[PDB]
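Input: a single structure, listed below in C-alpha coordinates.
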Amino acid sequence: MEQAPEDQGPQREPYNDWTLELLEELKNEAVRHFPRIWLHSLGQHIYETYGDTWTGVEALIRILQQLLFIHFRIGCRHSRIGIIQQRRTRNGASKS
(Lines give C-alpha, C1' and ligand atoms only; values in the text may rest on other atoms or scores of the structure.)
Protein backbone atom coordinates (compact mmCIF):
# COMPACT_ATOMS: atom_id res chain seq x y z
CA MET A 1 0.00 0.00 0.00
CA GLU A 2 0.92 3.70 -0.38
CA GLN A 3 -0.67 7.13 0.27
CA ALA A 4 -1.64 7.59 -3.40
CA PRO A 5 -4.71 6.83 -5.59
CA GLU A 6 -2.55 4.42 -7.64
CA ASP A 7 0.54 6.41 -8.77
CA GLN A 8 2.08 9.71 -7.59
CA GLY A 9 5.84 9.84 -8.32
CA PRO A 10 7.90 9.16 -5.15
CA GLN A 11 5.24 6.71 -4.02
CA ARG A 12 5.08 4.21 -6.91
CA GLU A 13 4.14 0.50 -6.99
CA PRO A 14 5.74 -2.15 -9.38
CA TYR A 15 3.07 -1.21 -11.93
CA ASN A 16 2.13 2.48 -12.44
CA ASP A 17 4.69 4.18 -14.71
CA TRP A 18 6.44 0.79 -15.17
CA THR A 19 3.35 -0.30 -17.06
CA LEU A 20 3.77 2.58 -19.52
CA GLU A 21 7.45 1.67 -19.88
CA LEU A 22 6.35 -1.92 -20.49
CA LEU A 23 3.88 -0.77 -23.18
CA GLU A 24 6.58 1.52 -24.62
CA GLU A 25 8.95 -1.49 -24.76
CA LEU A 26 6.15 -3.51 -26.43
CA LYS A 27 5.78 -0.69 -29.02
CA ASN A 28 9.58 -0.49 -29.56
CA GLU A 29 9.71 -4.24 -30.20
CA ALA A 30 6.53 -4.34 -32.29
CA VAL A 31 7.56 -1.46 -34.59
CA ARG A 32 11.10 -2.88 -35.06
CA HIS A 33 9.47 -6.28 -35.81
CA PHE A 34 7.12 -4.58 -38.33
CA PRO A 35 9.18 -4.85 -41.59
CA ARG A 36 9.74 -8.59 -40.74
CA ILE A 37 6.45 -9.99 -39.30
CA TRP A 38 5.91 -13.32 -40.89
CA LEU A 39 7.22 -16.20 -38.69
CA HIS A 40 5.19 -14.65 -35.83
CA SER A 41 1.84 -15.47 -37.48
CA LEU A 42 3.07 -18.15 -39.95
CA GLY A 43 4.11 -20.45 -37.08
CA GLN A 44 0.86 -19.82 -35.16
CA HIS A 45 -1.21 -20.43 -38.32
CA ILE A 46 0.44 -23.69 -39.35
CA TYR A 47 0.32 -24.96 -35.78
CA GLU A 48 -3.36 -24.08 -35.43
CA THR A 49 -4.83 -24.87 -38.88
CA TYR A 50 -2.41 -25.11 -41.82
CA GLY A 51 -4.72 -26.53 -44.52
CA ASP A 52 -7.91 -25.85 -42.48
CA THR A 53 -9.50 -28.79 -44.37
CA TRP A 54 -8.98 -32.13 -42.53
CA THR A 55 -5.33 -31.17 -42.71
CA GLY A 56 -5.22 -28.14 -40.44
CA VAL A 57 -8.43 -29.33 -38.74
CA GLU A 58 -6.35 -32.44 -37.99
CA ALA A 59 -3.61 -30.17 -36.60
CA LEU A 60 -6.20 -28.43 -34.38
CA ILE A 61 -7.48 -31.85 -33.24
CA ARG A 62 -3.83 -32.72 -32.44
CA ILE A 63 -3.67 -29.68 -30.11
CA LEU A 64 -6.86 -31.00 -28.47
CA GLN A 65 -5.28 -34.49 -28.25
CA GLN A 66 -2.16 -33.09 -26.61
CA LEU A 67 -4.40 -31.35 -24.08
CA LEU A 68 -6.50 -34.44 -23.42
CA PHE A 69 -3.34 -36.53 -23.00
CA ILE A 70 -2.09 -34.13 -20.29
CA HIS A 71 -5.43 -34.25 -18.44
CA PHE A 72 -5.46 -38.06 -18.72
CA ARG A 73 -1.92 -38.24 -17.33
CA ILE A 74 -2.87 -36.05 -14.35
CA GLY A 75 -6.00 -38.18 -13.76
CA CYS A 76 -3.94 -41.41 -13.88
CA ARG A 77 -1.30 -39.94 -11.55
CA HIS A 78 -4.15 -39.22 -9.11
CA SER A 79 -5.40 -42.83 -9.20
CA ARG A 80 -2.47 -45.30 -9.35
CA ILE A 81 -1.06 -43.78 -6.11
CA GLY A 82 -4.10 -45.23 -4.28
CA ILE A 83 -5.73 -48.03 -6.33
CA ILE A 84 -7.23 -49.45 -3.10
CA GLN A 85 -7.76 -45.98 -1.49
CA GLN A 86 -10.68 -47.56 0.32
CA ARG A 87 -11.08 -49.17 -3.00
CA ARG A 88 -10.96 -45.79 -4.70
CA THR A 89 -10.44 -47.24 -8.19
CA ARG A 90 -11.41 -50.93 -7.70
CA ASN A 91 -15.07 -50.00 -7.05
CA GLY A 92 -16.24 -53.62 -6.66
CA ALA A 93 -17.77 -54.11 -3.18
CA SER A 94 -17.76 -50.30 -2.80
CA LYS A 95 -17.48 -49.80 0.98
CA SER A 96 -13.74 -49.85 1.75
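Ligands are numbered from 1 in the order shown, chains are lettered A, B, ... in the order of the C-alpha coordinates, and residues start at 1 in each chain.
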
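By only C-alpha atoms, and with residues fewer than 5 positions from residue 17 (chain A) along its chain excluded, the set lying at most 10 Å from it is residues 7, 8, 9, 12, 22 and 23 of chain A.
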
According to DSSP computed on the backbone, where in region 25-78 of chain A is there alpha helix (DSSP H)? Give the residues as an NGL selection string. :A and (25-32 or 39-49 or 56-78)

Fewer than 2 positions away in the same chain doesn't count, so skip those; otherwise give me all residues within 12 Å of region 63-78 of chain A, counting only C-alpha atoms, as a list in words. residues 44, 46, 47, 48, 49, 56, 57, 58, 59, 60, 61, 80, 81, 82, 83, 85, 88 and 89 of chain A

Okay, now the selection with N, CA, C and O atoms, as a PDB file, in the first residue's frame?
```
ATOM      1  N   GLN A  44       2.149 -19.729 -35.843  1.00  0.00           N
ATOM      2  CA  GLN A  44       0.865 -19.818 -35.163  1.00  0.00           C
ATOM      3  C   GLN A  44      -0.199 -20.441 -36.068  1.00  0.00           C
ATOM      4  O   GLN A  44      -0.954 -21.308 -35.636  1.00  0.00           O
ATOM      5  N   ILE A  46       0.137 -22.325 -38.951  1.00  0.00           N
ATOM      6  CA  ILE A  46       0.438 -23.689 -39.350  1.00  0.00           C
ATOM      7  C   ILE A  46       0.106 -24.658 -38.222  1.00  0.00           C
ATOM      8  O   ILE A  46      -0.568 -25.669 -38.409  1.00  0.00           O
ATOM      9  N   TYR A  47       0.572 -24.280 -37.037  1.00  0.00           N
ATOM     10  CA  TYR A  47       0.323 -24.960 -35.776  1.00  0.00           C
ATOM     11  C   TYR A  47      -1.169 -25.192 -35.560  1.00  0.00           C
ATOM     12  O   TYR A  47      -1.594 -26.316 -35.298  1.00  0.00           O
ATOM     13  N   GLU A  48      -1.954 -24.121 -35.677  1.00  0.00           N
ATOM     14  CA  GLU A  48      -3.362 -24.080 -35.432  1.00  0.00           C
ATOM     15  C   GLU A  48      -4.116 -24.861 -36.512  1.00  0.00           C
ATOM     16  O   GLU A  48      -4.605 -25.960 -36.254  1.00  0.00           O
ATOM     17  N   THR A  49      -4.201 -24.286 -37.712  1.00  0.00           N
ATOM     18  CA  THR A  49      -4.832 -24.866 -38.884  1.00  0.00           C
ATOM     19  C   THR A  49      -4.049 -24.455 -40.130  1.00  0.00           C
ATOM     20  O   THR A  49      -4.171 -23.330 -40.609  1.00  0.00           O
ATOM     21  N   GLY A  56      -5.474 -29.057 -41.539  1.00  0.00           N
ATOM     22  CA  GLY A  56      -5.221 -28.138 -40.442  1.00  0.00           C
ATOM     23  C   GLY A  56      -6.217 -28.442 -39.336  1.00  0.00           C
ATOM     24  O   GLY A  56      -5.904 -28.263 -38.168  1.00  0.00           O
ATOM     25  N   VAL A  57      -7.424 -28.895 -39.702  1.00  0.00           N
ATOM     26  CA  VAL A  57      -8.427 -29.328 -38.740  1.00  0.00           C
ATOM     27  C   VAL A  57      -7.843 -30.489 -37.936  1.00  0.00           C
ATOM     28  O   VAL A  57      -8.045 -30.568 -36.729  1.00  0.00           O
ATOM     29  N   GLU A  58      -7.075 -31.360 -38.597  1.00  0.00           N
ATOM     30  CA  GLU A  58      -6.354 -32.436 -37.993  1.00  0.00           C
ATOM     31  C   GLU A  58      -5.276 -31.909 -37.052  1.00  0.00           C
ATOM     32  O   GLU A  58      -5.074 -32.469 -35.978  1.00  0.00           O
ATOM     33  N   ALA A  59      -4.605 -30.821 -37.448  1.00  0.00           N
ATOM     34  CA  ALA A  59      -3.611 -30.170 -36.602  1.00  0.00           C
ATOM     35  C   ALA A  59      -4.260 -29.626 -35.329  1.00  0.00           C
ATOM     36  O   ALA A  59      -3.748 -29.832 -34.231  1.00  0.00           O
ATOM     37  N   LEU A  60      -5.413 -28.969 -35.486  1.00  0.00           N
ATOM     38  CA  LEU A  60      -6.195 -28.428 -34.382  1.00  0.00           C
ATOM     39  C   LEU A  60      -6.640 -29.540 -33.430  1.00  0.00           C
ATOM     40  O   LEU A  60      -6.534 -29.406 -32.212  1.00  0.00           O
ATOM     41  N   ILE A  61      -7.114 -30.654 -33.993  1.00  0.00           N
ATOM     42  CA  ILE A  61      -7.478 -31.846 -33.237  1.00  0.00           C
ATOM     43  C   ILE A  61      -6.260 -32.397 -32.493  1.00  0.00           C
ATOM     44  O   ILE A  61      -6.403 -32.879 -31.373  1.00  0.00           O
ATOM     45  N   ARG A  80      -3.405 -44.198  -9.561  1.00  0.00           N
ATOM     46  CA  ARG A  80      -2.474 -45.302  -9.355  1.00  0.00           C
ATOM     47  C   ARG A  80      -1.706 -45.196  -8.031  1.00  0.00           C
ATOM     48  O   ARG A  80      -1.184 -46.199  -7.552  1.00  0.00           O
ATOM     49  N   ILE A  81      -1.657 -44.003  -7.424  1.00  0.00           N
ATOM     50  CA  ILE A  81      -1.055 -43.784  -6.115  1.00  0.00           C
ATOM     51  C   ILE A  81      -1.928 -44.336  -4.978  1.00  0.00           C
ATOM     52  O   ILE A  81      -1.498 -44.328  -3.827  1.00  0.00           O
ATOM     53  N   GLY A  82      -3.153 -44.791  -5.280  1.00  0.00           N
ATOM     54  CA  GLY A  82      -4.104 -45.234  -4.281  1.00  0.00           C
ATOM     55  C   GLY A  82      -5.211 -46.030  -4.959  1.00  0.00           C
ATOM     56  O   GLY A  82      -6.383 -45.680  -4.866  1.00  0.00           O
ATOM     57  N   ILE A  83      -4.821 -47.112  -5.638  1.00  0.00           N
ATOM     58  CA  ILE A  83      -5.726 -48.029  -6.326  1.00  0.00           C
ATOM     59  C   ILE A  83      -6.823 -48.517  -5.366  1.00  0.00           C
ATOM     60  O   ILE A  83      -8.010 -48.508  -5.693  1.00  0.00           O
ATOM     61  N   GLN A  85      -7.525 -47.099  -2.396  1.00  0.00           N
ATOM     62  CA  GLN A  85      -7.760 -45.976  -1.491  1.00  0.00           C
ATOM     63  C   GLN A  85      -9.207 -46.056  -1.020  1.00  0.00           C
ATOM     64  O   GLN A  85     -10.071 -45.262  -1.374  1.00  0.00           O
ATOM     65  N   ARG A  88     -10.823 -47.002  -3.921  1.00  0.00           N
ATOM     66  CA  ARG A  88     -10.957 -45.793  -4.704  1.00  0.00           C
ATOM     67  C   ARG A  88     -11.241 -46.085  -6.173  1.00  0.00           C
ATOM     68  O   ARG A  88     -12.189 -45.538  -6.736  1.00  0.00           O
ATOM     69  N   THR A  89     -10.405 -46.928  -6.780  1.00  0.00           N
ATOM     70  CA  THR A  89     -10.438 -47.244  -8.195  1.00  0.00           C
ATOM     71  C   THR A  89     -11.123 -48.591  -8.442  1.00  0.00           C
ATOM     72  O   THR A  89     -11.948 -48.706  -9.346  1.00  0.00           O
TER      73      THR A  89
END
```

Report, in Å with one decimal, the straight-line distance from CA of residue 11 (chain A) to CA of residue 26 (chain A). 24.6 Å
